[PDB]
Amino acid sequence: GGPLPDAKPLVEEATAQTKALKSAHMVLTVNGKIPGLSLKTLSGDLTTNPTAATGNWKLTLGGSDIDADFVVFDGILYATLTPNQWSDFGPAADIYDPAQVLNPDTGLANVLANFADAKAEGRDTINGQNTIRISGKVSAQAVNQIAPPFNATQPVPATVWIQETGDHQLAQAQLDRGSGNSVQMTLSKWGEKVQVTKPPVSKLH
């Protein structure tokens, strides 16, 4: 689709836009295995100030695939243990505060601000939009801050895809823990209004 643009202006533009992000739809995927992570995939909508989230996930615990819906509302994590039966699992922060992903100081914006050696590698269509695929290395600090289970000890090879046009939002990011084991996040619907209310709980609360 033509010559590739320089990576550096796009990374810088995406950093600034990401820093400003209040909300987005996200799809998270774990490839292979990352110690300390049972998550296989998760899809949902996140908003911040105040923090609210809603979606579904697929986990592996023991040798079982487990699907669930989840809500984070007013600091509390709720999930369905059986279809459409909502349970209260206490402070979301005790597991992972979803706002961490979009924290302007320590979230995805910081990942981009600490993304070194950026090089445009190619062009991919993601969710109907041209994006530039860019290789780089993210500092171990930034990785561990956004994803503590990852447990990086040196720069983490990474790929980001940034909208070639428009606001140059971050479309997708992947952090490579080695030999095909990776964590990926795909972002869309930047700035969408998100609808989350406290899930229905029995009177016996």
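In case it trips you up, residue 1 is the first one in the sequence shown, and so on.
- Comparing 83 to 91 with 106 to 114, the stretch with the higher mean C-alpha B-factor in the PDB entry is 83 to 91.
- The stretch with the higher mean CA B factor, choosing between 166 to 174 and 66 to 74, is 66 to 74.
- Per the deposited coordinates, the residue with the largest Cα temperature factor out of 32, 50, 55, 157 is 32.
- Across 44, 136, 149, 180, the entry's maximum B-factor at the CA atom is seen for 149.
- Among the modelled residues of its chain, residue 39 has a C-alpha B-factor that falls in the highest third according to the deposited record.
- Per-chain ranking of the deposited C-alpha B factor places residue 61 in the highest third.
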